[PDB]
Every structure is written in structure tokens, then in C-alpha cells.
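Asker: Questions regarding the structure given below will be posed in turn.
2 protein chains.
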Amino acid sequence: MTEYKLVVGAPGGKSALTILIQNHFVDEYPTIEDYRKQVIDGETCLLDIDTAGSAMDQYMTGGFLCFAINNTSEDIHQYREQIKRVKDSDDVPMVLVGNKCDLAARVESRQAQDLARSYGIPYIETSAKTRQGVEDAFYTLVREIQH
Amino acid sequence: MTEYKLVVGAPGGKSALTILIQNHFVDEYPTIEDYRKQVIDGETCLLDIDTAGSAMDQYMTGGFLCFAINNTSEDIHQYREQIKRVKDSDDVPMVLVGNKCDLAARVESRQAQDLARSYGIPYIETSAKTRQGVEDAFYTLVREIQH
Ligand SMILES: C[C@@H](OP(=O)(O)OP(=O)(O)OP(=O)(O)OC[C@H]1O[C@@H](n2cnc3c(=O)[nH]c(N)nc32)[C@H](O)[C@@H]1O)c1ccccc1[N+](=O)[O-]
Ligand SMILES: C[C@@H](OP(=O)(O)OP(=O)(O)OP(=O)(O)OC[C@H]1O[C@@H](n2cnc3c(=O)[nH]c(N)nc32)[C@H](O)[C@@H]1O)c1ccccc1[N+](=O)[O-]
Ligand SMILES: [Mg+2]
Ligand SMILES: [Mg+2]
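Same order as they appear, the protein sequences are chains F and A.
For this note's numbering, count along the first sequence from 1 and bump the result up by 1.
For this note's numbering, count along the second sequence from 1 and bump the result up by 1.
Written as C-alpha cells, this is what we have:
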């Protein structure tokens, strides 16, 4: 079976979201080679999923998941350009995820969606406490991988 | 505010899915100009949504939602080509939805995803009884409208 190998960004909830496999919210503190899960729109697939926040180029075999909106975590741009180095390609399947859209004092969503447009990818807001958007990420990245 | 004007296909649950606005399942029998709803990934939008199953060209102002998998409802192809006549365009924001993926004796999902690829759009399976996929449709069509 097809292997949906897809988590990246700055330091500050990349884990929590992936913690889809665990259906529960970590407020706790593992972040290095860290998941597998057995359908999406009726196609039966496995996933290989979490990076921490130099050369470990090594791992980006990869779709990319790639900030949490109370933090103007500029840093996405960086990630995205390091992958265009290794991957060597101006299009690689990918989702811009704004996490922690639950919280009050926050990044106004437009900003992002206009960068999103400027890379030409998904932009999906998301929240591992409330679940709101957890899987919306993952599952639109798969469907990408038309690629 | 931006107006997310998006339901189409053959006769045989286009309504039920739209019935997002009503969060409940119709097994009952209205199908002609039939919804509005006030966020998606943190962008605050309204929707204007249901067609029945000649010239009423009139309505496809439109994103297109466009079969229910126990019915080999061939008919998507037709829809999709009538819109490339009116809309005049080989790319128009759009989601291929396989509805009623709940049911037992069913269209094998691959088939579709390979047509999907062959048009270059989303293909999302979906189910208004179980909710599974209701909003997955709607909300990925919006994000399309990068267009
Ligand atoms: C070491 C490095 O760790 P890191 O691995 O770079 O950090 P992660 O990106 O994995 O982030 P993690 O999933 O550990 O969650 C971080 C914190 O934000 C909270 N959080 C995550 N998602 C949400 C959400 O949607 N809502 C809310 N309200 N909070 C959320 C978590 O519960 C947690 O307290 C790291 C670097 C800098 C700062 C922290 C940090 N860390 O791991 O704590
Ligand atoms: C007149 C024309 O009507 P139509 O408007 O072309 O038909 P719709 O596409 O709007 O279809 P509708 O939403 O009315 O649902 C049709 C039937 O399939 C069921 N259904 C819809 N979604 C699901 C689902 O995900 N799961 C299950 N198990 N069943 C589902 C409904 O509960 C209902 O009994 C029409 C044409 C032909 C046949 C029927 C038909 N009709 O309206 O009944
Ligand atoms: Mg971590
Ligand atoms: Mg109807």
C-alpha cells in the first residue's frame, strides 16, 4: 500500500497536532525522530509522520507540513526555502498551517492566505486542544501528493 | 465581506450535504432555488449555496461542487463539460465529491481520484447522515477560489 509520508516549522505545537494518532492533547513535554497510522476519502493508506524546532537536509525523503498565530514563528519562509534546496523544486506538496487559532490574543489570517497565495499552497488554521482543524491539515496535504 | 458563492451533479444527495447549514440529516423530500451562512481557517465569510438533478447556463455567477458511490451518476463528466461552456474555462475552482461513502454495497475510490487527477481538481468523499466529510467539501472549494 501507498505510503503517505508527510511536520515542520519554528520552535514554539507541531507535536500536539500530530499527537491525529493519539486523539488527545499534550500540554506535556519527545521531539526528534518521532508516527504511523492506518482511510482518507475512501483510500486506505498508512502514514509516516515530528521534527524539533543543521544537516539533519537528511530527513526532508519527504509532503511538508510547515507557525502559531500569537507569534509574528517569519520563520516559515526560512523552512520553505531550505526545502527548495534539498528537494530542488519550486513545487513540492505542502500545507501552510497556522496553529493555535483557538486563543484570544493573537497574526491576522489574511496575511497568511496572501503569502499562501504567493507560494501557491494550502493555508489551513488548526488547533490540537480543540481538535478544530487537526486532520484538515493532514488530509488536504495527502490529496496534493495530483503531484 | 467576500462572498463565497459555491451544488451540482445528477439526480439521486446533493441537498443533504448542504442541509452544513442545518447540521442535520434529511431523509425527507425543496430542490430549485434553494442557503446562506455566516469562518474558515480564520476568514470570516458568508456563503451562498442546491440545484435540482435546460437553459437554467443561467445559474452556473458561480465554485462548483459536483455523484453517490452506489451508482456508476458517468454523469459528473457531463456537468463538468456544460460548465466549461458557460464559464468558458478549462480551470474553474471545483470539488469532485463522492457522496454516501457510509453505505456498504457501493464506485471504488481509486477510479474517481484518477479522473480527479485527469481534470486536476479535488476529489472528496463525504456523508450527510454520518457528517463524515460534509464540510470537507465546502471548505476546500473556498480555499481554491488562489484563483
Ligand atoms: C523545545 C521546543 O519544542 P518544539 O518541538 O519545537 O515545540 P512543538 O512545536 O513540538 O510544540 P508542542 O507540540 O510541544 O507544543 C508547545 C506548547 O504549545 C501548546 N500548544 C500546541 N498546540 C496548541 C494549540 O492549538 N492551542 C494551545 N492553546 N496551545 C497549544 C502545547 O500544549 C505546548 O505547551 C520549544 C521551543 C520553544 C518553546 C517551546 C518549546 N516547547 O517544546 O515547549
Ligand atoms: C427528485 C430528485 O432529487 P434531487 O434533488 O436530484 O436529489 P438530491 O441530489 O438533492 O438528493 P437528496 O439530498 O434529496 O437525497 C436523496 C436521497 O439519498 C439519501 N442520501 C443523501 N445523502 C446520503 C448519505 O450520505 N447517506 C445515505 N445513506 N443516504 C443519503 C437521502 O437521505 C435521500 O433519501 C431525485 C432523483 C432521483 C432519485 C431521487 C431523487 N430524490 O430527490 O429522492
Ligand atoms: Mg515537539
Ligand atoms: Mg435536492
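The C-beta atom is built at its ideal place from N, Cα and C for all residues, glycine as well.
Let me check you understand the geometry: is the CB of F:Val-96 closer than 7 Å to at least one non-hydrogen atom of ligand 1?
Answerer: Stepping through the first sequence from its first residue, residue 96 of chain F is reached at position 95. Checking the Cβ of F:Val-96 against ligand 1 gives no.
Asker: Looking at A:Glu-136 and A:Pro-94, is the spacing between their C-beta atoms short of 8 Å?
Answerer: One-based indexing of the second sequence puts residue 94 of chain A at position 93. One-based indexing of the second sequence puts residue 136 of chain A at position 135. It is not a contact, given that the beta carbons lie outside the stated cut-off.
Asker: Going by DSSP, name the residue or residues bridged to A:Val-96.
Answerer: Within the second sequence, numbered from 1, the residue matching residue 96 of chain A stands at position 95. In the DSSP output, where bridge partners are listed per residue, A:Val-96 has A:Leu-66.
Asker: Run through the DSSP bridge pairs and tell me what F:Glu-44 is partnered with.
Answerer: If you number the first sequence from 1, residue 44 of chain F lands on position 43. F:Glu-44 pairs with F:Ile-41.
Asker: Run through DSSP, which three-state label would F:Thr-73 get?
Answerer: For this step, residue 73 of chain F is matched to residue 72 along the first sequence. Reduced to three states, the DSSP call for F:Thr-73 is coil.
Asker: Return the CA-CA distance between F:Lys-85 and F:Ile-50, expressed in angstroms with no decimal places.
Answerer: Here the question's residue 85 of chain F lines up with position 84 in the first sequence. Here the question's residue 50 of chain F lines up with position 49 in the first sequence. Spanning the two alpha carbons is a distance of roughly 20 Å.
Asker: By how many angstroms is the C-alpha of F:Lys-38 removed from the C-alpha of F:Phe-139?
Answerer: As a working mapping, residue 139 of chain F is identified with position 138 in the first sequence. As a working mapping, residue 38 of chain F is identified with position 37 in the first sequence. Spanning the two alpha carbons is a distance of roughly 12 Å.
Asker: Residues around ligand 3, please: the condition is that the C-beta lies closer than 6 Å to some non-hydrogen atom of it.
Answerer: Qualifying residues come out as F:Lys-15, F:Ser-16, F:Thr-32, F:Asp-51.
Asker: Would you identify the three-state DSSP class for A:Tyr-5, choosing helix, strand or coil?
Answerer: Position 4 of the second sequence, counted from the first residue, corresponds to residue 5 of chain A. In this structure, A:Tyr-5 counts as strand in the three-state DSSP scheme.
Asker: Name the DSSP bridge partner or partners of A:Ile-125?
Answerer: Locating residue 125 of chain A in the second sequence gives position 124, counting from the first residue. In DSSP, A:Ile-125 forms a bridge with A:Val-98.
Asker: With distances taken Cα to Cα, identify the nearest neighbour of A:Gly-10 among A:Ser-74, A:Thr-131, A:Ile-125.
Answerer: Indexing the second sequence from 1 puts residue 10 of chain A at position 9. Per the Cα distances, A:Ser-74.
Asker: Taking just the CA atoms, how far does A:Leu-18 sit from F:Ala-117?
Answerer: Translated into the one-based positions of the first sequence, residue 117 of chain F becomes position 116. Translated into the one-based positions of the second sequence, residue 18 of chain A becomes position 17. Approximately 28 Å, taken between the alpha carbons.
Asker: I'd like to confirm something about A:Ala-53: is its beta-carbon nearer than 7 Å to some heavy atom of ligand 4, or not?
Answerer: In the second sequence, counting from the first residue as 1, residue 53 of chain A sits at position 52. Flag set: Cβ of A:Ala-53 near ligand 4.
Asker: Is any non-hydrogen atom of ligand 2 found closer than 7 Å to the C-beta of A:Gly-13, if you look at the structure I gave you?
Answerer: On the second sequence, position 12 is the one that residue 13 of chain A refers to. Because some heavy atom of ligand 2 lies under 7 Å away, the Cβ of A:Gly-13 counts as near it: yes.
Asker: For A:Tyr-36, decide whether its Cβ has a neighbour in chain B, counting only Cβ atoms nearer than 8 Å.
Answerer: Of the protein chains in this structure, namely F and A, none is chain B.
Asker: Quick check: the Cα distance between A:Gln-79 and A:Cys-67, rounded to an integer number of angstroms?
Answerer: Here residue 79 of chain A refers to the residue found at position 78 when the second sequence is read from its first residue. Here residue 67 of chain A refers to the residue found at position 66 when the second sequence is read from its first residue. Taking the straight line from one Cα to the other gives about 10 Å.
Asker: Got a sec: does ligand 1 put a non-hydrogen atom nearer than 7 Å to the Cβ of A:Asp-42?
Answerer: For the purposes of this step, residue 42 of chain A is taken as the residue at position 41 of the second sequence. A:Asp-42: no, Cβ never under 7 Å from ligand 1.
Asker: Less than 8 Å between CB atoms is the rule here; does F:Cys-102 satisfy it with respect to chain A?
Answerer: As a first step, residue 102 of chain F is located in the first sequence; it is residue number 101 there, counting from the start. Yes - at least one Cβ of chain A is within 8 Å of the one on F:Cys-102.
Asker: The alpha helix (DSSP H) with A:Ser-16 in it runs from where to where?
Answerer: Here residue 16 of chain A is taken as the residue at index 15 of the second sequence, counted from 1. Element bounds for A:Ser-16: 15-19.
Asker: Does A:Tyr-124 come within less than 8 Å of chain F when only Cβ atoms are used?
Answerer: Position 123 of the second sequence, counting from 1, holds the residue named residue 124 of chain A. Closer than 8 Å to some Cβ of chain F, the Cβ of A:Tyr-124 qualifies, so yes.
Asker: Give the DSSP-derived three-state secondary structure of A:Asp-49 in the structure shown.
Answerer: Counted from its first residue, the second sequence places residue 49 of chain A at position 48. DSSP places A:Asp-49 in strand when its eight states are reduced to three.
Asker: Using only CA atoms, which one of A:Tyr-120, A:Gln-147, A:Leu-97, A:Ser-128 lies nearest to A:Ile-20?
Answerer: In the second sequence, residue 20 of chain A corresponds to position 19, counting from 1. A:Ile-20 has its Cα closest to that of A:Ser-128, out of A:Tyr-120, A:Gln-147, A:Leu-97, A:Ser-128.
Asker: Using the rule of at least 16 other Cβ atoms within 10 Å of the residue's Cβ for burial, across every protein chain shown, is F:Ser-110 buried or exposed?
Answerer: Taking the first residue of the first sequence as position 1, residue 110 of chain F is located at position 109. Classification for F:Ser-110: buried.
Asker: Quick check: is the beta carbon of A:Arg-86 nearer than 8 Å to any beta carbon in chain F?
Answerer: By one-based count along the second sequence, residue 86 of chain A stands at place 85. It does not: the Cβ of A:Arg-86 has no partner Cβ on chain F nearer than 8 Å.
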